[PDB]
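Participant: Here it is, the structure in full.
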Amino acid sequence: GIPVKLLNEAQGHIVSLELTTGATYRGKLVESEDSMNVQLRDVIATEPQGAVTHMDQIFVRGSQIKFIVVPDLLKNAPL
Amino acid sequence: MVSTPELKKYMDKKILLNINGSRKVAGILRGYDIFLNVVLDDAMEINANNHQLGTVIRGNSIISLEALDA
Amino acid sequence: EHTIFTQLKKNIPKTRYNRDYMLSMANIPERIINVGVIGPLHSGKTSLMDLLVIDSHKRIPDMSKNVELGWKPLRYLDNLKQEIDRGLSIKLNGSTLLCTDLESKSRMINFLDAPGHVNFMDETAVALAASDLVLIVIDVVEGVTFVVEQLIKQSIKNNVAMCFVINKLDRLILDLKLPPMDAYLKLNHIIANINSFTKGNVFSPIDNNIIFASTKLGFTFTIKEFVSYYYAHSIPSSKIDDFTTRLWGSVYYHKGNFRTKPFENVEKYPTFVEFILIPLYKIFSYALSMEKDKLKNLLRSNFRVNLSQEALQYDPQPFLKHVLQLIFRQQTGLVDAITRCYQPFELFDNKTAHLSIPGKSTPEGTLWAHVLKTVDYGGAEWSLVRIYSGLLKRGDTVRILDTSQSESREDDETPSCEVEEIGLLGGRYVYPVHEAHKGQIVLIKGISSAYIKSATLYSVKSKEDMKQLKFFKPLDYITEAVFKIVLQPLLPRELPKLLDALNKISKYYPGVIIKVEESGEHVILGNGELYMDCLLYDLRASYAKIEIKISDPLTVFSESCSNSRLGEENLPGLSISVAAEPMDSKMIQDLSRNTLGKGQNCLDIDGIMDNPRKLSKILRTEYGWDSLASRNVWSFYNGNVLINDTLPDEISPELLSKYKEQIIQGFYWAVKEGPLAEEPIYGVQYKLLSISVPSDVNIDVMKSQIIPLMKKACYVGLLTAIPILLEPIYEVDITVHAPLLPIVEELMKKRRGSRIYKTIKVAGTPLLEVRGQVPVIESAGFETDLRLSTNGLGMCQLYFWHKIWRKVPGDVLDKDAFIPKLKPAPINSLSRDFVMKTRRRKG
Amino acid sequence: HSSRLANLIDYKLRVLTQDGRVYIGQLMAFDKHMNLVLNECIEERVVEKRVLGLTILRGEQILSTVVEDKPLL
RNA sequence: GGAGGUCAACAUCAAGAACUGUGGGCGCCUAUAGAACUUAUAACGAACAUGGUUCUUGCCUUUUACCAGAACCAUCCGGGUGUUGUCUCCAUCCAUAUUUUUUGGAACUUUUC
Ligand SMILES: Nc1nc2c(ncn2[C@@H]2O[C@H](COP(=O)(O)OP(=O)(O)OP(=O)(O)O)[C@@H](O)[C@H]2O)c(=O)[nH]1
C-alpha cells in the first residue's frame, strides 16, 4: 500500500507527528515499518502544555500514532 | 504481518520506556516480541520516588522506548 | 552561474525522476551510497550499467534505430573513441543515479565502471579506493579463475563488501544448451567455487548475495526479486518468505507439501528447477519456437501482460529481448539487494582506518576529500574525490597535499587551490553542482595541479585538529609496471612538447612511470603491451601532436646474489665491513605481500614501528630466527633487510646510534641503485661486521664520507657474494579447447620459459584452464602467437601478482659466454648478456 | 471492493477525525485501512487555522469523509 | 475509403546538440537555408564499375590502349521517403472478533476562562 511507502521514502528527512498521547514530536527519521513503528534522533517534543524537551533515541508504536507531517517534495514521488 | 521489529540494537542496554497511564520504567533490554512485548531486568519505577523491582511489559501498552546514554 | 547552468542543462539528456529529488536526497549521511563494478574481460560490466541508464532516461539521445531494438549492445561509459574502436573498457567512467528499491525508498547511487582487462587493474584499485562495496561479475561459462581470486582477495582485504553476479545465464542455456537439471548443478558449482576462497562468510542464492542475469538480453534476478513479483500474488504473504528458504538446495515439493527426501514417487525435481529454471527455459523455447498467437494467452494467463502486433513483428533476438524486458521489470532486484547488504558501522571504521591511522580525532565539522583518479574529459582534466567529510562549494579555497609528502608525516607546508566547480558524473554528461556533501563522489575543476596520482584533501581550522589529522596513504596499485619502453622524439627540437605530454600521461594513467635518463631519453614503464599501446596512441593523438620514435620492448631487471668485507674512507678514518646474505624465499614472499600481520599472517616489515620484541617474535616464530639477529634488525631497505652484528655494537652503541640515520638514509640510497646496472637489489640481507671510527671524531664522521663509503661497501659485498641477475615473470592464464593443448605446449617451449604450472578442465564447458609462467623479456607478441596458432580459439591474460624475480640462467660475472650481435643469447648465460646491454646504456 | 474510494481520488476533501479536528486538501493515496494521504493540508480546530503540508492519517483517527470541490485540472 | 499496383510526374535523402538569417502561429514552438563539431562514412547500396585532373612508379620519350599507389573531382547501375495525379481489386485483487489500524478503555462527572 502507498500510504506506507511514502513514509519509508521520508526516512532521512525531518518529520513531525502527533500521538494519542497529545504531544507532537519533530526529528530526523531513521527507520520505519509496515506497522508504523518509527526510529528518530534529535527529537524536539512539544506537549499540550507547551513543554519542550530533548530525546536522543526513540522507538514508537504505530497504534499510538494519529498522523504524520511530511516534507513537500514527497508529493511528486511515484505512486 | 508480524514484522519482527528492529530492537536488536537495543539488546543488553539501558532504556527509558513510557507506557499507558503516564507511567515509565528504566531497565536492561533482554528480549522482545512480534507484538512488542518486552523483557526488562533491573527494573526501576519512576513514580519521583524510584522503587527497585527486578519484568515483562506488555506490547499494547508501550508508547515509546528511549536511550539514556548515546 | 545561473546562465552557465541554463546552457549546461540543455546539454544533458534529462531523466524521469529529475535532479531535484536526486539532489534533494543527498543530505542524509546514510542515504545514498558508493559502488564499484569489477570483473574479468567482457564480463558485462559496462552493459550492466547501460541497463540502468536506459531504465532511467527517456530519450536517450545516442541510440540508433538498430541498437535500441537488439543486435548491437549500446555502450555507455565507453565515451572514449579508443575504447569504442578497441572494443574494451579502459578508463573508468562513473554514472550517478537516483534509484528505487523494492521497499520504494529511493537512494542516490554512485556507480563506477572499472576495466576488467588485467592491464588496467590499476583502474580497479583506484575505484576500490573510493567504493564502499563491490559488485563482482562472473561469466557463468567462464566460471572463476585466478583474476577472480585476486579480485575477491583484494576486495575483502580492503573491507569492501562483496556481492556476486553470475552473468550470461542465457548463454549457458542457448550456447551450450544445457539441461535444467545440469544447469542448476553448474550454477551450484560456481557458487561453491567463490565461497572456498572467501573466508568467514558463506553465500547462497538464499542469502541474496548472488544475482542471476543476462545483460545482453535485459534481465536481473534474485530469488527474492522473483517471489514477490509473480509467486507472491498467488499465496499468503506470511508463508512466502519461508518459501525462499525452501527454494535453494535439497528441497522438492510433491503436491502442496515438499519433503527433503530425494524424489520418492514418480516425476521429480528440486524446487529451484521447478519454479524458476523450467519456466525460464519455456520462455526461451516458447518465444522463438512458439506461434506468436499461442504466446499471448500465456502472457495474460501467467503474467497479465498484453502485447501489440508490432511487438511480434520483429525477429527472434529483438523479440526475445523485448519479451524478457517486458516481463522482468526495471532492475530494482539488484538495487534492493545492494541496499540491504551493507552495514555502515561494521566496515566503515575499518576501511577508513586502513588508509589512515586508527585515531580518530576532531570528527565532524571538517572538510576531507580523497583524490584518486583524474579524468580526461571533453574539457580539461577533472579531479575525482570521495567526500570524506563536511561540504564543498564553488570558489572554496582548499589546501592540497600529495601522499609521498604525506609519507613524510605550520608555515610553508600548505599549498591550496580554490574549487572552481563541482559536477556529478553521468557517463557522457556532467550534471552541474553548487555544493558537495559527505558520502558522495564528485568531479572537481582546478584542484589538479597540486597532485600527481593520489592526494588527500583537507581543510582544518584547528591547531589540535590539524595535529590529529592523518594524511591518506599512497594508493597501492595491484601490479608493478615492469615493461620498458625507451622514447625519443623523431625531431629533437620538439622535446618540450614531449616532456609536457609525458607529465600529462602520468596524471591520467596511474600505472605509468616516466623517468629521465642522462641521455634525455625517456624511460616509460607500463603494465603490458595493450596498456602501453593505448598510452602511445593518446600521446601521439590526444596530447602531443608529435610523431615519435619508440624502442624495442624491454624489462627492468633486478640485482641479487648467493654466497669477507674490508673498506676505507676517502679520508681513511672510517672502515666498514658488511656481510651480504641470500634471503629465505618464505621471508621474501612475506615481504612482497603487503599485510598488517592480521589473523595468522606473518607480519609485514612496515609494521616495524611496533615493539621490536613483537617484530622479533614474528621472525623467531615463523623462521626460528637467531634471537640476537632478530633483536638487531635495524630496518628494511627500500626492499630487503638490515641487521647490526658485531662486538663494537656493544663497545660503542651510543656512538653508533649517532650514525644510524646516515647509514639508514644511505642504504635505501644504495640498494635502490646497484653495482651491476644501477638497478635495485632483491633477496639480500646485510649485516654490519665492523665499523672503525676516527679518533676524537672532530666532526670527521660526516655524511659526505660515510654515506658513500657504506654504499661502496654494499657494492663490494654483493660482488664478492657472487651476484646474479633476476628477471620478472608473468602468470600466463590461457583458456583453450582440449585439442588445442599441444599447440599451447609448443608455444611455451618456443618462447623460452616453457613452464605450465597447472592444467585444469573447466567443468561444465569444453575448455581448459592453463596456467603457466613466462619471462617478460620473451613475452613480446606472445598473445598474438596464441590467437593465431589456435585459429581464434582461446585467449590469454598476463598478470603480475607475487612479483617474483627468478634467477637469470647464466653466471652474473663471466666474460667468455656471449656470441656476437643479433643472436638470441645462448641458454647457459642470460645474465652476462643482460648486464652488458644495460651496462652500456648506463655509461 | 474499494470502487467508490478510487472515485474520490484527487478531490479536495473535508475529513473529520476522532479528536474533532477537521483536515482539508486533495487526496493522493488511499489504503485498505483507510490511511489517507492529503496534499496542502489545513486543520480547523474549533476562528482557527494552521498550515502543515503533506499529512498521512491513520485509519483509527478518521471518522468521516466529504468532498469540498471537484477534481482539479 | 483500403490494399496493390514494377505506372508515371515533382521534391528531397544519414543522424544529433548547439550559432545566424527568413516565414508562420500564440519570449516560446514549427519549417527552410548556411557554417562548425561528433558518430565509425553501421550500411541511402551488408552491391561496387568507368572516366577527367594533379602528383608520384615502369615506359618508344608516341594513342581512341595500360602497369599500381596517392589526393581532388565527375559519370554510370541501383535504393528510400514525402507529395501529386492516375490504373486494377475490393469496400462507399484475498476473509483476520484474542497485543501495531475495521467488532472499541469505553462510559461518566466536575472546576477554570
Ligand atoms: N551471450 C551473452 N553475452 C554477453 C551477455 N552479456 C554480456 N555479454 C558479453 O559482453 C560483451 C559486451 O559487453 P561489454 O559490457 O561491452 O563488455 P565488458 O563486460 O564491459 O568488457 P570490459 O569493458 O572489458 O569490462 C559481448 O561480447 C558479450 O559476449 C549475455 O547475456 N549473453
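Residue numbering for chain C follows Swiss-Prot; the residues present correspond to positions 102-510, 530-683, 696-975, in that order.
When the header is checked for method, it gives electron microscopy, 3.8 Å.
Cβ atoms are placed via backbone N, Cα and C, with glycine included.
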Participant: Could you check which of C:268-271, C:300-303, C:727-730 is flagged in Swiss-Prot as region 'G4'?
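Facilitator: Here Swiss-Prot associates region 'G4' with the stretch C:268-271.
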Participant: Looking at C:188-192, C:714-718, C:859-863, I want to know which stretch Swiss-Prot calls region 'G2'.
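Facilitator: Here Swiss-Prot associates region 'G2' with the stretch C:188-192.
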Participant: Can you dig out which of the ranges C:102-105, C:214-217, C:545-548, C:921-924 Swiss-Prot describes as region 'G3'?
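Facilitator: It is C:214-217 that Swiss-Prot annotates as region 'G3'.
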Participant: If Swiss-Prot is the reference, give me the range from C:140-147, C:156-163, C:356-363 marked as region 'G1'.
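Facilitator: That would be C:140-147, the stretch labelled region 'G1' in Swiss-Prot.
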Participant: Should we count any of the binding-site residues C:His143, C:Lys146, C:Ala215, C:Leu270 as near ligand 1, judged by a CB under 6 A from one of its atoms, and which?
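Facilitator: The qualifying binding-site residues are C:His143, C:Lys146.
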Participant: Here the binding-site residues are C:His143, C:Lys146, C:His218; which one has the lowest number of other Cβ atoms no more than 10 Å from its Cβ?
Facilitator: C:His143
Participant: Taking C:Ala215, C:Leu270 as the binding-site residues to compare, which has the smallest set of other Cβ atoms within 10 Å?
Facilitator: C:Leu270
Participant: Should C:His218 (GTP binding site) be counted as helix, strand, or coil on the basis of DSSP?
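Facilitator: In the DSSP reduction, C:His218 (GTP binding site) maps to coil.
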Participant: Per DSSP, to which secondary structure element type does C:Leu270 (GTP binding site) belong, with helix, strand and coil as the options?
Facilitator: helix
Participant: Far apart in sequence but close in space: which same-chain residues, 6 or more away, have a Cβ under 8 Å from C:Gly140 (GTP binding site)?
Facilitator: C:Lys146, C:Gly217, C:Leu236, C:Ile237, C:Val238, C:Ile239, C:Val249, C:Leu252, C:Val266
